[PDB]
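Top line first, the protein sequences correspond to chains B and A. Using the deposited numbering, you'd call the opening residue of the first sequence number 1 and step up by one each time. Using the deposited numbering, you'd call the opening residue of the second sequence number 4 and step up by one each time. For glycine and all other residues, C-beta sits at the position ideal for the given N, C-alpha and C.
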Amino acid sequence: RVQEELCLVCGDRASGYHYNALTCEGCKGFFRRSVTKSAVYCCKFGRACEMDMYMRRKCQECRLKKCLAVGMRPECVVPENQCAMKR
Amino acid sequence: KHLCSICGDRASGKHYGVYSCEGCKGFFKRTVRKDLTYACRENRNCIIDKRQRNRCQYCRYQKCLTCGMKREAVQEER
DNA sequence: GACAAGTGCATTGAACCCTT
DNA sequence: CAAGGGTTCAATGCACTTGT
Ligand SMILES: [Zn+2]
Ligand SMILES: [Zn+2]
Ligand SMILES: [Zn+2]
Ligand SMILES: [Zn+2]
Numbered sequence: 001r002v003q004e005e006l007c008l009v010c011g012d013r014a015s016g017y018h019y020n021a022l023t024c025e026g027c028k029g030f031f032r033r034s035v036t037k038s039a040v041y042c043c044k045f046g047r048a049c050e051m052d053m054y055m056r057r058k059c060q061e062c063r064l065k066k067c068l069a070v071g072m073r074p075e076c077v078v079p080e081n082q083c084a085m086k087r
Numbered sequence: 004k005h006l007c008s009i010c011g012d013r014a015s016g017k018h019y020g021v022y023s024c025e026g027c028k029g030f031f032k033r034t035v036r037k038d039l040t041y042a043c044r045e046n047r048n049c050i051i052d053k054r055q056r057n058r059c060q061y062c063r064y065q066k067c068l069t070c071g072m073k074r075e076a077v078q079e080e081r
């Protein structure tokens, strides 16, 4: 029945649960980078893009909004654990 | 106004003989310049469109060729 | 192990420049 | 100006390494 595990953000093939959501490697990295830079994006369309494999590279605002809506947890990106006091 | 004949993204004009997007232009250029050969990890009939054109470099390159793109229109590096 | 978090870096493509 | 050659380089995403 499950023929392909699906990224909840963009529908590409999911690689695993990242920051608490089933997502692809693209969305994982996009989310991590967005969060570590505290990026604020501005949609140059109508603030309501449907995410897919094409619209994920075209609208960062709507992609990040979707990441969060699907349950990606930004407090889990490089939290203040022993491992970070490392790097 | 035109569409990329390879993938259906918006064309930026003709490139190397065919209406094509900046993506497919860029990809064909790199492929020819470096003389790269790809291998398909399926059956050499993968979907190449605006959504998943990056999943198969072999199939994308073959489709640039079947659409009319000419290796000879790629110049030497400047 | 197997997974998820973090990293390295080659590839992508939108936005430029150049010459006809 | 436009087209169709060129180039650039931040963002991207595949493959990897690290930690449990
Ligand atoms: Zn995704
Ligand atoms: Zn948007
Ligand atoms: Zn194209
Ligand atoms: Zn293929």
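Residue i and residue j: beta carbons closer than 7 angstroms?
i: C70 (chain A); j: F31 (chain A); result: no
i: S34 (chain B); j: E25 (chain B); result: no
i: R74 (chain A); j: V35 (chain A); result: yes
i: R54 (chain A); j: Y54 (chain B); result: yes
i: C10 (chain B); j: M51 (chain B); result: yes
i: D52 (chain A); j: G26 (chain A); result: no
i: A76 (chain A); j: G16 (chain A); result: no
i: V2 (chain B); j: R32 (chain B); result: no
i: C83 (chain B); j: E61 (chain B); result: no
Per the DSSP calculation, residue i is bridged to which residue(s)?
i: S23 (chain A); result: A:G16
i: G16 (chain B); result: B:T23
i: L6 (chain A); result: A:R13
i: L6 (chain B); result: B:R13
Looking only at C-alpha atoms, which of the options sits nearest to residue i?
i: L64 (chain B); options: B:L8, B:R87, B:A84; result: B:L8
i: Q78 (chain A); options: A:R44, A:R47, A:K28, A:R54; result: A:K28
i: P79 (chain B); options: B:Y19, B:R1, B:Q3; result: B:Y19
i: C27 (chain B); options: B:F45, B:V2, B:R57; result: B:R57
i: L22 (chain B); options: B:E5, B:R32, B:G29, B:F30; result: B:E5
i: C49 (chain B); options: B:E75, B:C67, B:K37, B:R32; result: B:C67
i: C59 (chain B); options: B:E75, B:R13, B:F30; result: B:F30
Buried or exposed for residue i, going by 16 or more other Cβ atoms inside 10 Å?
i: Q60 (chain A); result: buried
i: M85 (chain B); result: exposed
i: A69 (chain B); result: exposed
i: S23 (chain A); result: buried
i: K37 (chain A); result: exposed
i: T40 (chain A); result: exposed
i: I50 (chain A); result: exposed
i: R56 (chain A); result: buried
i: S8 (chain A); result: buried
i: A39 (chain B); result: exposed
i: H5 (chain A); result: exposed
i: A42 (chain A); result: exposed
Could you please give the first and the last residue of the uninterrupted alpha helix (DSSP H) stretch that includes residue i?
i: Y41 (chain B); result: That residue, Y41 (chain B), is in no alpha helix (DSSP H); it is neither H nor E in DSSP.
i: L68 (chain A); result: 60-70
i: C62 (chain B); result: 60-69
i: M72 (chain B); result: From DSSP, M72 (chain B) is part of no alpha helix (DSSP H); its letter is neither H nor E.
i: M85 (chain B); result: 82-86
Taking 6 angstroms as the cut-off, is the beta-carbon of residue i closer than that to any non-hydrogen atom of ligand 6?
i: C27 (chain B); result: In the structure on display, ligand 6 does not appear, and the ligands it does have are ligand 1, ligand 2, ligand 3 and ligand 4.
Under DSSP, the beta strand (DSSP E) around residue i begins and ends at which residues?
i: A21 (chain B); result: 21-23
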